[PDB]
Amino acid sequence: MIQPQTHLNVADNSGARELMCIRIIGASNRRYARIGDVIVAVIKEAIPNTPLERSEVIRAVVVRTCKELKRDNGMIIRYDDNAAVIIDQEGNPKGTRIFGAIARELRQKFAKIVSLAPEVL
Amino acid sequence: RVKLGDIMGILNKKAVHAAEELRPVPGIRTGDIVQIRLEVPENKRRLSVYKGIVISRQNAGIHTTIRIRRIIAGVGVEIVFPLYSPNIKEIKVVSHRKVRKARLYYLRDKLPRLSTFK
Amino acid sequence: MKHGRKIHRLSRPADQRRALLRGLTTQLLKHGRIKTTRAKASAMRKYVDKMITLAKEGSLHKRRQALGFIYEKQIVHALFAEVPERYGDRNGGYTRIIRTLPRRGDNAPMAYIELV
Amino acid sequence: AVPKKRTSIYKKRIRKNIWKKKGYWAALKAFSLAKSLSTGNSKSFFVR
Amino acid sequence: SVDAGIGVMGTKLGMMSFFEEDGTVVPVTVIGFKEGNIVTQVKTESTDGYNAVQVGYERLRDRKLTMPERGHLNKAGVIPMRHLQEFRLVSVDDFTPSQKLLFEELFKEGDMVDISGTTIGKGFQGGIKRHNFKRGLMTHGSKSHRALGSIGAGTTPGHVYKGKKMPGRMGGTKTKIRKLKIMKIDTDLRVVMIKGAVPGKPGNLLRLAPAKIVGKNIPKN
RNA sequence: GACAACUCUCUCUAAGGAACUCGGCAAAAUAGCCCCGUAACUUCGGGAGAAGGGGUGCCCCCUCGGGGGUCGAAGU
RNA sequence: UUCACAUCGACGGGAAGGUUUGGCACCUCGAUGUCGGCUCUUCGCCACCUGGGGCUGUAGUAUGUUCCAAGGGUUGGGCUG
RNA sequence: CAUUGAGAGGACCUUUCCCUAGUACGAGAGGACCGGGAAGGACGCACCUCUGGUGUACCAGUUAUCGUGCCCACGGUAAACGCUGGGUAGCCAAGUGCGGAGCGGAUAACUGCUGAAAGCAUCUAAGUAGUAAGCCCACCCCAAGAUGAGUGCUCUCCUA
RNA sequence: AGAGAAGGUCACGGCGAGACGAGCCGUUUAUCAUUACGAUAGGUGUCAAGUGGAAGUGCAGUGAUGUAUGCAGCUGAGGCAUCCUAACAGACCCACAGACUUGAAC
Ligand SMILES: [Mg+2]
Ligand SMILES: [Mg+2]
Ligand SMILES: [Mg+2]
Ligand SMILES: [Mg+2]
Ligand SMILES: [Mg+2]
Ligand SMILES: [Mg+2]
Ligand SMILES: [Mg+2]
Ligand SMILES: [Mg+2]
Ligand SMILES: [Mg+2]
Ligand SMILES: [Mg+2]
Ligand SMILES: [Mg+2]
Ligand SMILES: [Mg+2]
Ligand SMILES: [Mg+2]
Ligand SMILES: [Mg+2]
Ligand SMILES: [Mg+2]
Ligand SMILES: [Mg+2]
Ligand SMILES: [Mg+2]
Ligand SMILES: [Mg+2]
Ligand SMILES: [Mg+2]
Ligand SMILES: [Mg+2]
Ligand SMILES: [Mg+2]
Ligand SMILES: [Mg+2]
Ligand SMILES: [Mg+2]
Ligand SMILES: [Mg+2]
Ligand SMILES: [Mg+2]
Ligand SMILES: [Mg+2]
Ligand SMILES: [Mg+2]
Ligand SMILES: [Mg+2]
Ligand SMILES: [Mg+2]
Ligand SMILES: [Mg+2]
Ligand SMILES: [Mg+2]
Ligand SMILES: [Mg+2]
Ligand SMILES: [Mg+2]
Ligand SMILES: [Mg+2]
Ligand SMILES: [Mg+2]
Ligand SMILES: [Mg+2]
Ligand SMILES: [Mg+2]
Ligand SMILES: [Mg+2]
Ligand SMILES: [Mg+2]
Ligand SMILES: [Mg+2]
Ligand SMILES: [Mg+2]
Ligand SMILES: [Mg+2]
Ligand SMILES: [Mg+2]
Ligand SMILES: [Mg+2]
Ligand SMILES: [Mg+2]
Ligand SMILES: [Mg+2]
Ligand SMILES: [Mg+2]
Ligand SMILES: [Mg+2]
Ligand SMILES: [Mg+2]
Ligand SMILES: [Mg+2]
Ligand SMILES: [Mg+2]
Ligand SMILES: [Mg+2]
Ligand SMILES: [Mg+2]
Ligand SMILES: [Mg+2]
Ligand SMILES: [Mg+2]
Ligand SMILES: [Mg+2]
Ligand SMILES: [Mg+2]
Ligand SMILES: [Mg+2]
Ligand SMILES: [Mg+2]
Ligand SMILES: [Mg+2]
Ligand SMILES: [Mg+2]
Ligand SMILES: [Mg+2]
Ligand SMILES: [Mg+2]
Ligand SMILES: [Mg+2]
Ligand SMILES: [Mg+2]
Ligand SMILES: [Mg+2]
Ligand SMILES: [Mg+2]
Ligand SMILES: [Mg+2]
Ligand SMILES: [Mg+2]
Ligand SMILES: [Mg+2]
Ligand SMILES: [Mg+2]
Ligand SMILES: [Mg+2]
Ligand SMILES: [Mg+2]
Ligand SMILES: [Mg+2]
Ligand SMILES: [Mg+2]
Ligand SMILES: [Mg+2]
Ligand SMILES: [Mg+2]
Ligand SMILES: [Mg+2]
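Cut-offs used in this document
Each chain carries its own residue count, running from 1 in the order of its written sequence; this scheme can depart from the entry numbering, and residues that have no coordinates do not appear. Chains and ligands are labelled by the order in which they are written, letters from A for the one and numbers from 1 for the other. Part of a larger assembly is shown; the reported values describe that part exclusively. Side-chain numbers here rest on the full set of heavy atoms in the structure, without hydrogens or water. Note on definitions. A residue lies near a molecule or strand when any single heavy atom of the residue is within 4 Å of it. Throughout this description, a polar contact denotes any pair of N or O atoms lying within 3.5 Å of each other; where both atoms belong to protein, one of them has to be capable of donating a hydrogen while the other can accept it, and for residues adjacent in sequence the pair is counted only when both atoms sit in side chains. Helix and strand assignments come from DSSP, with helices taken as H or I runs of at least 4 residues and strands as E runs of at least 2, each series counted from the N terminus. Residues are sorted three ways: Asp, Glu, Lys and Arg are charged, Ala, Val, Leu, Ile, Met, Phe, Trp, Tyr, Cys and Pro are nonpolar, and all the rest, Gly among them, are polar. Only strands joined by at least two bridges in the DSSP assignment are considered to pair. Like charges are joined within 9 Å and nonpolar side chains (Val, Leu, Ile, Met, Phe, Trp, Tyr) within 5 Å, but only among residues with over 30% relative accessible area and no salt bridge; these make up the patches. Surface exposure here means Shrake-Rupley accessible area, sampled with a 1.4 Å probe, where a residue is shielded only by the protein chains that are shown. Every case where a carboxyl oxygen of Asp or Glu lies within 4 Å of a side-chain nitrogen of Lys or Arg is listed as a salt bridge. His is not counted, nor are the chain ends; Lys and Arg add positive charge and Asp and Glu add negative charge. Here the site of a charge means atom NZ of a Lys, CZ of an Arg, CG of an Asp or CD of a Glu. To define axes, lines are fitted to C-alpha atoms, for helices over the stretch in contact only, and angles between the resulting N-to-C directions are given on a 0 to 180 degree scale. Small angles under 35 degrees read as roughly parallel and large ones over 145 as roughly antiparallel, with 65 to 115 read as roughly perpendicular and the rest as oblique. We call two residues in contact when some of their heavy atoms are within 4.5 Å. Burial status follows relative accessibility: with a 1.4 Å probe on protein chains alone, a residue under 20% of its type maximum counts as buried, one over 50% as exposed, and anything between as partly exposed.

Method of structure determination, per the deposited record: cryo-EM was used for this entry, reaching 3.2 Å resolution.

Printed below as a string of structure tokens:
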């Protein structure tokens with residue numbers, strides 16, 4: 001349930017420490033980013049001397065919410081923080097290595113991302 | 001011959017005996033460290049293994065629910081399993097923790113140490 | 001709204017309504033019959049029966065639970081004496097409510113609640 | 001908000017008659033109640 | 001509003017969860033039945049002006065029914081019933097007064113139904129709750145909050161419009177929920193499980209018809 | 001008595017956290033005590049309770065603060 | 001590129017509307033009062049999108065212009081009285 | 001009791017993506033019309049199985065203090081919960097379902113077929129054919145105070 | 001004029017109905033013996049559910065406290081049973097075979 005002005009942690013190498021979400025995309029006029037949605041964020045805090053400068057406008061996909069994802073098993077999933085992964089407009093992650101768990105719900109639109117994951121839920 | 005309120009309760013008891021027949025379900029309470037094995041609709045090869053502590057158990061009928069908390073790669077994950085689900089294969093109690101509540105929701109605000117397993 | 005909210009409010013806040021009911025039941029057990037407003041009566045049923053059903057068992061536990069409801073000890077002990085005698089066979093339903101002429105001052109509907 | 005005009009005699013008589021009709025239903029309850037206490041058979045009712 | 005096929009009536013018993021082999025949980029309303037669903041009367045185009053069949057539902061003690069009604073069910077040769085309803089068909093040849101309907105013969109599995117019932121009464125409700133009015137500002141200076149807003153334009157037109165949305169009574173009405181699905185029929189308990197919600201709390205009275213699809217089940221116009 | 005809308009005095013609210021608005025207006029937050037630590041700047045008095053951090057209940061034991069135990073999700 | 005009329009259209013002319021800046025002083029002066037937001041509508045069409053078309057300097061994709069069409073839609077912020 | 005429906009309203013909205021097919025089209029680069037399929041958005045109608053919010057019905061911890069003779073244990077107060085941690089029913093959404101169907105009717109623009117007035121031509125004068133998120137029926141609620149007060153089934157009209 | 005038609009209102013017990021009116025359900029609570037229809041509310045008994053391990057008495061400990069008795073104790077706005085209380089007593093309205101004409105039938 002990411003929405004504009006929400007702050008996020010980044011899940012990969014890409015050298016952004018923190019993102020502020022400004023827009024949800026592809027959802028038409030929706031206000032809610034949930035897992036698997038592309039958001040336009042900006043960089044707030046960066047990891048120094050990295051290809052990414054703060055105050056950059058970038059795309060990222062939301063891989064973790066504190067809201068709850070519902071599969072068809074009746075299974076539910078809730079993380080402790082919000083996080084996204086910074087991508088290209090191709091679906092390829094800019095940074096090459098991902099932290100944290102992800103879901104099998106991303107397997108359709110993003111292959112790379114499920115691949116680089118340390119754990120899958 | 002069955003009166004109606006009876007019908008509503010009865011259908012749950014039928015469902016649960018029907019499900020406990022195929023797959024007997026363990027005595028499972030709050031504060032129980034637990035290992036679960038899911039049959040995922042994708043990957044026939046390996047049935048997913050979720051470890052973790054039980055923070056809550058909501059009893060209702062066929063849909064009785066268990067909430068497993070675990071720290072994974074530094075990110076706290078809680079998962080909610082319907083207990084009688086066909087997609088669960090094996091479930092067992094690894095260990096038992098001594099707890100004074102019915103729901104440990106306070107495990108979010110505590111340190112990661114307490115959610116760390118395996 | 002209220003659907004399925006079953007409680008009697010008696011137009012008092014929670015604290016006062018509790019204390020009211022404690023009071024009214026110590027009165028009922030002390031005098032055996034009393035005159036009140038139909039609302040207060042209908043509300044008071046439940047707690048009367050709670051005390052009676054309580055004293056049917058008699059354990060130090062139960063007795064402590066009654067002492068912490070009723071105001072006057074003496075009445076409680078009297079209960080735990082009398083009740084096994086007087087109510088032993090009656091399975092529930094220990095109160096009669098016999099309604100009367102309304103009050104002159106406000107036209108509040110009255111009633112007579114009896115310990116049966 | 002105020003009354004731009006003064007209410008005409010007849011309309012006022014109709015509204016007050018409406019308020020007087022409640023007396024009619026009260027008189028019916030009262031009558032029925034009297035005929036109930038006038039047999040001395042009611043165990044739900046009490047008078048002193 | 002000519003209705004496709006005969007429907008039956010039933011009682012809403014409340015909802016539970018229902019698994020499928022692959023572990024898909026569908027929430028289902030459980031619709032029970034009672035002694036009834038008996039054709040009461042049949043109305044011919046000639047006699048009544050149109051074609052319809054009146055089914056009775058709930059049984060009842062005899063006393064509770066009124067003399068006119070009891071006479072109405074004595075003409076049929078049927079047991080006393082609480083609720084009567086009418087279904088409106090295009091062809092009534094299959095039905096005779098006193099005939100009985102079985103919901104097991106009119107409804108298979110994977111079939112589409114339509115559930116009519118009465119809604120939960122929420123009483124007298126404000127503008128917010130009844131029409132989804134946005135509430136005004138809670139804090140900086142503002143005295144409005146849950147209030148209705150302005151109700152019209154200025155000197156012209158100089159009166160409020162008809163149908164202008166306002167607080168009044170909400171709920172408690174005949175509602176129809178289109179295109180539902182029947183998950184499982186239980187013969188033992190004579191119950192039907194339907195995927196999703198139907199109006200009203202348990203102990204309601206429902207009407208189930210086979211779904212009206214505006215192209216293919218109904219007269220074109 | 002009843003427990004509608006709505007107004008007012010109040011308590012709480014999932015995810016987010018000023019996106020509200022003329023304006024963080026109003027609310028929420030902080031808070032005692034002991035201990036460590038404390039900047040630019042200066043009329044050398046200040047700034048300063050700067051900031052920021054730790055400790056805190058109840059039992060025994062020792063010295064006249066320290067150690068050991070023990071409950072609770074939480075100890076001014 | 002040829003070609004006034006795909007698209008522009010100078011010099012001039014003929015209109016409609018009553019939303020701009022105005023003229024008038026018929027209007028109310030006692031307490032018939034201007035611009036923005038909130039809430040809440042509603043209507044017009046000179047059509048921004050969505051439905052159907054004609055012409056193109058329309059290969060295709062995308063346009064351009066115009067015809068019918070007002071059923072629905074018309075975001076969230078930084079900035080300003 | 002059950003209904004017909006004059007009239008009145010609500011709703012008939014929209015975006016990507018995938019087959020068609022990398023097919024027509026073009027030297028290439030680019031890349032379709034038409035018709036099928038899914039997922040979304042907004043909006044509407046419900047609903048409480050799940051996830052929750054509240055829940056001054058309840059349950060537990062716990063501070064100060066006054067009661068119950070004192071320990072124990074409970075009760076009061078700390079406005080309209082002392083402060084916290086949970087919560088069933090209700091109500092509710094962020095949760096769950098469902099909806100937007102029509103080889104129906106008549107048209108606007110336009111495209112047409114037969115075809116005269118003007119032995120040629122012309123979509124028009126006769127007569128007709130396609131066709132729009134528009135118009136009207138169908139969908140959903142209301143509805144005979146529709147004083148034009150409808151139709152249907154049954155019931156009741158005692159005693160002197 | 002007596003009486004009280006069918007039905008209605010009131011009364012009385014209620015509600016998932018309700019600002020009030022209105023709506024809906026009840027009003028001796030069956031019999032059964034093979035279905036179902038005769039439990040409205042409260043109480044009582046049991047069940048789901050919540051909370052999370054009662055008091056008392058034992059043991060361990062210098063003590064705060066832990067542990068056994070015990071899925072305990074409290075609660076149970078939800079179900080299902082059972083007439084134990086209250087649905088007692090009753091009251092009011094209400095009964096010109098449906099004015100008049102014209103055809104048709106007999
Ligand atoms: Mg739950
Ligand atoms: Mg008052
Ligand atoms: Mg208090
Ligand atoms: Mg009770
Ligand atoms: Mg009826
Ligand atoms: Mg209601
Ligand atoms: Mg708003
Ligand atoms: Mg205010
Ligand atoms: Mg006027
Ligand atoms: Mg009040
Ligand atoms: Mg307070
Ligand atoms: Mg919040
Ligand atoms: Mg929070
Ligand atoms: Mg938060
Ligand atoms: Mg923050
Ligand atoms: Mg701002
Ligand atoms: Mg700012
Ligand atoms: Mg703004
Ligand atoms: Mg302030
Ligand atoms: Mg404050
Ligand atoms: Mg504080
Ligand atoms: Mg300090
Ligand atoms: Mg300073
Ligand atoms: Mg501190
Ligand atoms: Mg400590
Ligand atoms: Mg020209
Ligand atoms: Mg003048
Ligand atoms: Mg004035
Ligand atoms: Mg136009
Ligand atoms: Mg267009
Ligand atoms: Mg065009
Ligand atoms: Mg081109
Ligand atoms: Mg339009
Ligand atoms: Mg319009
Ligand atoms: Mg518009
Ligand atoms: Mg109808
Ligand atoms: Mg019509
Ligand atoms: Mg009219
Ligand atoms: Mg219409
Ligand atoms: Mg349509
Ligand atoms: Mg090709
Ligand atoms: Mg298409
Ligand atoms: Mg859709
Ligand atoms: Mg729920
Ligand atoms: Mg529930
Ligand atoms: Mg809570
Ligand atoms: Mg709840
Ligand atoms: Mg004392
Ligand atoms: Mg206390
Ligand atoms: Mg005091
Ligand atoms: Mg005070
Ligand atoms: Mg007070
Ligand atoms: Mg609380
Ligand atoms: Mg939905
Ligand atoms: Mg035509
Ligand atoms: Mg042409
Ligand atoms: Mg010719
Ligand atoms: Mg021709
Ligand atoms: Mg013609
Ligand atoms: Mg057509
Ligand atoms: Mg159309
Ligand atoms: Mg369409
Ligand atoms: Mg009529
Ligand atoms: Mg007439
Ligand atoms: Mg009668
Ligand atoms: Mg009435
Ligand atoms: Mg009543
Ligand atoms: Mg009676
Ligand atoms: Mg009962
Ligand atoms: Mg009941
Ligand atoms: Mg004990
Ligand atoms: Mg206690
Ligand atoms: Mg000892
Ligand atoms: Mg339990
Ligand atoms: Mg019985
Ligand atoms: Mg009795
Ligand atoms: Mg006659
Ligand atoms: Mg005559």
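1. A look at the protein's contact with RNA strand G
In the neighbourhood of RNA strand G, the contacting residues comprise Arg23, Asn29 and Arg31 of chain A together with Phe133, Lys134, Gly136, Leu148, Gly149, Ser150, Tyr161, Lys164 and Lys165 of chain E. The sugar-phosphate backbone supplies 88% of the atoms of RNA strand G found within 4 Å of the protein. Within the backbone of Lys134 of chain E, a nitrogen or oxygen atom sits 3.1 Å from a phosphate oxygen of RNA strand G. Between a sugar or linking oxygen of RNA strand G and a side-chain N or O atom of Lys164 of chain E, the distance comes to 2.6 Å.

2. Some thoughts on the protein's contact with RNA strand I
Close to RNA strand I lie 63 residues; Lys62, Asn91 and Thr95 of chain C, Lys29 of chain D together with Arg82 of chain E are nearest. In the model, a phosphate oxygen of RNA strand I is placed 2.6 Å from a nitrogen or oxygen of the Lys98 of chain B side chain. Here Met67 of chain E contributes a backbone N or O atom positioned 2.8 Å from a phosphate oxygen of RNA strand I. When contributions to the surface near RNA strand I are tallied by element, the ones reaching two or more residues are helix 1 (4–22) of chain B, helix 2 (38–57), helix 3 (60–67) and strand 2 (95–100) of chain C, helix 1 (9–37) of chain D together with helix 2 (67–74) of chain E. Looking at which element gives the most residues to the surface near RNA strand I, the answer is helix 2 of chain C, with six residues. Partitioned by chemical class, the residues of the surface near RNA strand I number nine nonpolar, 20 polar and 34 charged.

3. Comments concerning the sheet that holds strand 1 (residues 33–37) of chain C
The strand order across the open sheet formed by four strands is 1(C)-3(C)-2(C)-1(D), and the pairing between neighbours is mixed. Edge positions in the open sheet fall to strand 1 of chain C together with strand 1 (45–46) of chain D, since each of these has one partner strand only. Relative to strand 3 (residues 110–115) of chain C, strand 2 of chain C is paired through five bridges, and the arrangement is antiparallel. Bridge pairing links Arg96 of chain C to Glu114 of chain C in strand 3 of chain C.

4. Structural notes on a negative patch on the surface
There is a patch of like negative charges on the surface, built from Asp72 and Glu105 of chain A together with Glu21 and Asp22 of chain E. Tracing the sequence through the fold places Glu105 of chain A in the loop between strand 8 (101–102) and helix 1 (111–116).

5. Quick notes on the packing of helix 2 of chain C against helix 4 (residues 73–86) of chain C
Residue and element names in this part refer to chain C. Axis separation between helix 2 and helix 4 bottoms out at 8 Å; the angle between their running directions is 80°. Classified by the interaxial angle, the pair formed by helix 2 and helix 4 is roughly perpendicular. Residue-level contacts link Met51, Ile52, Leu54, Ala55 and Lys56 of helix 2 to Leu79, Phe80, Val83 and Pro84 of helix 4. For the contact of helix 2 with helix 4, a count of residues per class yields eight nonpolar, no polar and one charged.

6. Describing the sheet that holds strand 5 (residues 69–70) of chain A
Taken together, the seven strands give an open sheet; going across it, the order is 5(A)-6(A)-4(B)-3(B)-2(B)-1(B)-5(B), and neighbouring strands pair in antiparallel fashion. In the strand order of this sheet, the two ends are held by strand 5 of chain A together with strand 5 (88–96) of chain B, each with one partner. As defined by bridge partners, strand 2 (residues 48–58) of chain B adjoins strand 3 (residues 65–72) of chain B across five bridges and the pair is classed as antiparallel. Residue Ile53 of chain B lies in a different strand from strand 3 of chain B, and its bridge partner there is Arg69 of chain B.

7. Concerning the pairing of strand 1 (residues 7–10) of chain A
All names here are of chain A. Alternating positions in strand 1 separate cleanly, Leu8 and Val10 being buried on one face and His7 and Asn9 remaining unburied on the opposite face. Direction of pairing for strand 1 relative to strand 2 (residues 16–24): antiparallel, over a ladder of three bridges. When the sheet's bridge partners are listed, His7 is paired in strand 2 with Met20. Counting the residues that bridge the hairpin from strand 1 to strand 2 gives five residues, and of these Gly15 lies at a positive phi of roughly 100°. Sheet topology places strand 1 next to strand 7 (residues 83–87); two bridges connect them, and they run parallel. Residue pairing for strand 7: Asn9 is matched across the bridge by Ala83.

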